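J.: Sharing a structure with you now.
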Amino acid sequence: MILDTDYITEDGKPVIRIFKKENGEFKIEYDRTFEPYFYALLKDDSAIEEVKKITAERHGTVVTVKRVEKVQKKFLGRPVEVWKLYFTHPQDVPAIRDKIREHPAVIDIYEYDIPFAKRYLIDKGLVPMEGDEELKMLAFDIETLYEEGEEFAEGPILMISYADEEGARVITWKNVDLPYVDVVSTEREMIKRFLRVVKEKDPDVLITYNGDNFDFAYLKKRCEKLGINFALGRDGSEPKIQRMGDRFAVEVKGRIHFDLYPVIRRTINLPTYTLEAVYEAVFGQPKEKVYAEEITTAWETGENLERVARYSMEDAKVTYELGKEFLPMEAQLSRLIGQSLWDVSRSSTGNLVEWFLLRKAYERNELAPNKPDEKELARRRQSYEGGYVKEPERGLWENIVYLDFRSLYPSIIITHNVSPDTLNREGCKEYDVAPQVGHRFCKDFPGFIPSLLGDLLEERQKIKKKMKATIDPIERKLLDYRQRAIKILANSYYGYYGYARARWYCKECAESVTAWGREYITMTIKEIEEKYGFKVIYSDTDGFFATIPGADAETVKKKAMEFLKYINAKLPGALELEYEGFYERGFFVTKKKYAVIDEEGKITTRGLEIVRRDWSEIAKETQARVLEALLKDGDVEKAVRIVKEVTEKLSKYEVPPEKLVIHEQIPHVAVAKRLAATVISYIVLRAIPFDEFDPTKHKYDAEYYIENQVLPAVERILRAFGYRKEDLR
Ligand code: NI
């Protein structure tokens with residue numbers, strides 16, 4: 001199985017390295033055959049002689065043009081004849097590219113900024129992460145001794161935790177004595193231990209959490225002061241640091257630094273991304289967080305280390321588990337795109353698409369256009385985004401169904417063969433003209449992008465077919481990922497067309513796919529109504545909600561499945577429509593804000609969450625009261641009554657005590673600081689909570705929990721009357 005590829009330099013010439021793991025153990029394949037190169041568009045195949053003489057200077061040596069050969073390729077369908085220029089060393093290209101592009105007999109140059117290593121992959125047509133190869137994984141994390149003054153990495157590293165398929169274990173110097181804490185000498189010895197564990201367990205993947213910006217950088221500054229060789233490299237090298245915009249990224253040659261943060265940030269949606277926050281949001285279990293402030297003054301005093309150790313041990317036990325959750329998909333994304341898992345894992349969809357098209361270009365012999373120059377790059381970002389979500393049909397509805405197009409946006413691209421190499425193609429006998437915007441897209445020959453999309457959608461169909469018939473979960477979940485990557489890849493093309501740095505940028509395509517989207521949806525929203533007595537409830541690109549006023553949950557469903565067959569045999573080939581689900585009751589409030597309930601309970605809803613970190617107090621409880629009364633009970637004059645019935649209680653000082661202790665932390669520092677010369681509840685009326693305020697015969701609350709908690713929570717959901725009658729008099 002190919003893990004990755006990189007190149008070393010020997011005698012001035014580049015030597016490619018293929019890191020892999022075949023039937024059991026590590027192994028590097030070397031190849032010094034591959035040659036660097038890039039393209040050039042010349043005014044006349046004559047000046048090739050004036051050009052093959054141009055030279056540059058790198059490292060005080062001299063960069064020359066090795067060999068050269070003319071070739072024929074397909075630049076956006078249209079025939080092109082360019083010269084392929086070969087060089088001796090990858091770092092030659094970047095030192096002479098502009099010099100060659102600046103020549104007079106040169107109109108333009110192409111494919112001159114592609115990581116030599118990646119290039120090799122697309123040419124030899126090698127695909128990483130393939131075959132049935134089980135990679136050994138190891139998770140590690142570290143907690144250090146902090147101090148606000150500290151410049152950086154000043155304090156020493158207290159522990160190094162590591163989880164495996166065998167368990168977690170922590171390595172620290174001071175004493176603890178727990179079955180899971182390893183004995184070492186000093187800080188220097190600890191780091192040394194870890195190192196000896198890694199080289200020892202010889203893992204294929206090193207998993208960390210934000211270890212791209214913290215763990216490695218630290219371990220570096222510490223390995224320097226302590227005079228140690230951090231040889232995690234499968235070759236003996238030390239992690240190599242890299243640029244990633246405003247942040248950084250760390251490699252470990254021969255292995256795979258699978259940092260979970262960038263991957264988790266792209267997948268799950270949350271307002272806070274602490275490991276504890278994450279773990280919770282992923283497996284539904286609580287995570288105990290121990291803060292530095294506490295750690296510092298815990299490893300010094302004496303013991304509390306049994307606590308810091310646990311927190312440490314877990315940090316790594318959690319990271320490992322999350323590792324197995326998110327690596328599988330990102331690993332299939334790899335195999336689908338044709339690049340390292342290291343790369344794909346730290347990549348946005350636009351690039352995942354850019355790597356696909358670059359590879360597919362090589363196969364199809366299509367010359368790739370170039371990336372945009374700053375002037376243009378900026379110009380593209382200036383575009384206007386104007387979402388279109390028809391307004392919700394205010395009110396409560398029953399026996400609602402949801403229908404969404406099976407791959408809407410990709411279906412259009414295919415159906416209407418939308419692509420930059422078909423846009424404004426003169427001399428065609430056939431064309432499709434995007435609604436509104438009116439872009440002419442020649443249908444004569446299938447366009448590049450669309451051609452690819454078709455295959456992709458086709459195969460994922462193949463997969464889903466073979467996936468509803470296998471039984472063996474390992475042979476099913478296996479496939480399950482494949483078709484999810486394909487789906488992920490596909491829905492990524494629309495955005496890619498507008499992604500300002502896209503080689504295959506196409507604003508016209510994007511505009512078109514949007515306009516068609518509208519048209520198609522709208523045509524359905526209408527066709528279902530006038531011909532099937534449905535009343536479109538809510539709607540947003542992709543799908544929509546609907547029902548037939550007053551109709552058994554069966555009639556609606558029976559009438560539903562009917563419509564599908566109708567417009568389906570109606571609409572194009574790709575464009576198809578499917579039954580999403582059924583929600584016995586629900587109401588809608590503005591854009592992406594609503595709530596529904598299925599036939600077996602369960603309140604989905606996603607419309608208007610906006611929690612308060614903790615349960616806030618009474619709000620996070622009466623919130624449910626209402627919703628449940630609105631959906632399940634379906635009693636409008638009840639949930640609102642539930643408010644006026646509670647506003648006549650809390651203001652009257654009746655609602656329990658602990659049900660007011662706002663579980664928050666970091667006025668704000670009122671009671672907070674009011675305990676001086678980490679976190680703690682409070683039930684002011686500016687006042688702290690304990691057995692000192694509430695005698696149930698002297699102290700009470702305040703009239704805020706009614707206008708700053710209970711009320712503001714349901715005020716929105718409650719759509720019909722103003723809160724002027726939610727307090728009652
Ligand atoms: Ni950490």
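Residue-by-condition table, conditions (1) surrounded by fewer than 20 Cβ atoms within 10 Å (Cβ to Cβ); (2) hydroxyl-bearing (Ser, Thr, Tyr); (3) in contact with a helix residue (DSSP H, G or I) (Cβ under 6 Å, 6 or more places away or on another chain); (4) not assigned by CATH to the domain that holds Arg406:
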{"residue": "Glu530", "(1), (2), (3), (4)": "yes, no, no, no"}
{"residue": "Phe534", "(1), (2), (3), (4)": "no, no, yes, no"}
{"residue": "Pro549", "(1), (2), (3), (4)": "yes, no, no, no"}
{"residue": "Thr555", "(1), (2), (3), (4)": "yes, yes, no, no"}
{"residue": "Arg612", "(1), (2), (3), (4)": "yes, no, no, yes"}
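J.: Another question, if that's okay. What residue, among those in the range 230-267 that are under 24 Å from the mean Cα position of the chain (by Cα) and polar (S, T, N, Q), is farthest from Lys192 (Cα to Cα)?
T.: Selected residue: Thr267.
J.: In the range 281-311, how many residues are among the small types (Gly, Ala, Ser), assigned to a helix (DSSP H, G or I) and more than 16 Å from the ligand (Cβ to nearest atom)?
T.: 2
J.: A further question follows. Taking the condition out of contact with any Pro (no Cβ under 7 Å at 6 or more places or on another chain), within 17 Å of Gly254 (Cβ to Cβ) and away from the ligand (no atom under 16 Å from the Cβ), does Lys174 pass?
T.: No; evaluated as a whole, the condition is false for this residue.
J.: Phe441: in a helix (DSSP H, G or I) and either touching a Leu at 6+ places or on another chain (Cβ under 9 Å) or crowded, with 19+ Cβ neighbours inside 10 Å (or both), yes or no?
T.: It is false that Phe441 is in a helix (DSSP H, G or I) and either touching a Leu at 6+ places or on another chain (Cβ under 9 Å) or crowded, with 19+ Cβ neighbours inside 10 Å (or both).
J.: Turning to a different aspect of this structure: Of all residues in the range 350-396, which are closer than 30 Å to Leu631 by Cβ and within 26 Å of the chain's Cα centre (by Cα)?
T.: Across the range 350-396, the qualifying residues are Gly387, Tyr388, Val389.
J.: Could we say that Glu102 is surrounded by fewer than 18 Cβ atoms within 10 Å (Cβ to Cβ) and either more than 16 Å from the ligand (Cβ to nearest atom) or over 21 Å from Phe26 (Cβ atoms) (or both) here?
T.: yes
J.: Which pairs have Cβ atoms under 7 Å, sit 6 or more apart or on different chains, and link a residue in the range 135-155 that is within 30 Å of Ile2 (Cα to Cα) and more than 14 Å from the ligand (Cβ to nearest atom) to one that is assigned to a strand (DSSP E or B) and acidic (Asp, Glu)?
T.: As it stands, the answer is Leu138/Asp164, since those pairs meet every condition given.
J.: Return the residue satisfying two criteria in turn: it lies in the range 250-280 and is away from the ligand (no atom under 16 Å from the Cβ) and in a strand (DSSP E or B), and of such residues it is nearest to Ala331 (Cα to Cα).
T.: Among those residues, the one meeting the criterion is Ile256.
J.: Surrounded by 15 or more Cβ atoms within 10 Å (Cβ to Cβ) and either closer than 25 Å to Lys644 by Cβ or not basic (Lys, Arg) (or both), is that true of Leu711?
T.: Criteria met by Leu711.
J.: Applying the selection to the range 624-661, what residues are of a type in the set (A, V, I, L, M, F, W, C), farther than 22 Å from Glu599 by Cα, touching an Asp or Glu at 6+ places or on another chain (Cβ under 8 Å) and part of a helix (DSSP H, G or I)?
T.: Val640, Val643, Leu660
J.: Is at least one residue of the range 74-87 closer than 20 Å to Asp31 by Cβ and hydroxyl-bearing (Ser, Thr, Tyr)?
T.: yes
J.: Among the residues in the range 454-472, are any farther than 21 Å from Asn568 by Cα, of a type outside the set (A, V, I, L, M, F, W, C) and crowded, with 19+ Cβ neighbours inside 10 Å?
T.: For the range 454-472, residues farther than 21 Å from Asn568 by Cα, of a type outside the set (A, V, I, L, M, F, W, C) and crowded, with 19+ Cβ neighbours inside 10 Å: absent.
J.: Further, regarding this structure: Kindly provide the set of residues from the range 189-235 that are within 14 Å of the ligand (Cβ to nearest atom), surrounded by fewer than 19 Cβ atoms within 10 Å (Cβ to Cβ) and in a helix (DSSP H, G or I), ordered by number.
T.: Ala217, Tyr218
J.: Please find, within the range 119-134, the residue that is nearest to the ligand (Cβ to nearest atom) out of those that are surrounded by fewer than 21 Cβ atoms within 10 Å (Cβ to Cβ) and under 16 Å from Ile256 (Cα atoms).
T.: Residue satisfying both the conditions and the ranking: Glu134.
J.: Within the range 455-501, how many residues are part of a loop (DSSP other than H, G, I, E, B) and more than 18 Å from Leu333 (Cβ to Cβ)?
T.: Of the residues in the range 455-501, 7 are part of a loop (DSSP other than H, G, I, E, B) and more than 18 Å from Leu333 (Cβ to Cβ).
J.: Among the residues of the range 694-722, which ones are in a loop (DSSP other than H, G, I, E, B) and polar (S, T, N, Q)?
T.: Within the range 694-722, just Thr696 meets the criteria.
J.: Moving to a separate point now. Loosely packed, with under 15 Cβ neighbours inside 10 Å and assigned by CATH to the domain that holds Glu325: is that true of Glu147 in this structure?
T.: When the stated conditions are applied, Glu147 passes them.
J.: Evaluate the following for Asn417: is it exposed (fewer than 15 other Cβ atoms within 10 Å of the Cβ), over 30 Å from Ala595 (Cα atoms) and either touching a helix residue (DSSP H, G or I) at 6+ places or on another chain (Cβ under 6 Å) or among the polar types (S, T, N, Q) (or both)?
T.: It is false that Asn417 is exposed (fewer than 15 other Cβ atoms within 10 Å of the Cβ), over 30 Å from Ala595 (Cα atoms) and either touching a helix residue (DSSP H, G or I) at 6+ places or on another chain (Cβ under 6 Å) or among the polar types (S, T, N, Q) (or both).
J.: Now, a different point. Determine whether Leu322 is within 14 Å of the ligand (Cβ to nearest atom) and either assigned by CATH to the domain that holds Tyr162 or under 15 Å from the mean Cα position of the chain (by Cα) (or both).
T.: Answer is yes for this residue.
J.: Would you mind finding the one in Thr555, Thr524 that is within 26 Å of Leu456 (Cβ to Cβ) and part of a helix (DSSP H, G or I)?
T.: Matching residue, one of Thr555, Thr524: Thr524.
J.: Looking only at the range 177-188, filter to residues that are out of contact with any helix residue (DSSP H, G or I) (no Cβ under 7 Å at 6 or more places or on another chain) and among the acidic types (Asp, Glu); which one of those is farthest from the ligand (Cβ to nearest atom)?
T.: The selected residue is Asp177.
J.: Looking at the range 251-286, which of its residues are basic (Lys, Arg) and surrounded by 17 or more Cβ atoms within 10 Å (Cβ to Cβ)?
T.: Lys253, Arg255
J.: Moving to a separate point now. Has the range 589-608 got at least one residue that is β-branched (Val, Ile, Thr), surrounded by 14 or more Cβ atoms within 10 Å (Cβ to Cβ) and part of a helix (DSSP H, G or I)?
T.: Looking through the range 589-608, none of the residues is β-branched (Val, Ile, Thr), surrounded by 14 or more Cβ atoms within 10 Å (Cβ to Cβ) and part of a helix (DSSP H, G or I).
All Cβ positions, even for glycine, are placed from backbone atoms using ideal geometry, and neighbour counts span all protein chains on display. All of this is worked out from the model, or read from it or from the source named; no laboratory read-out is quoted.
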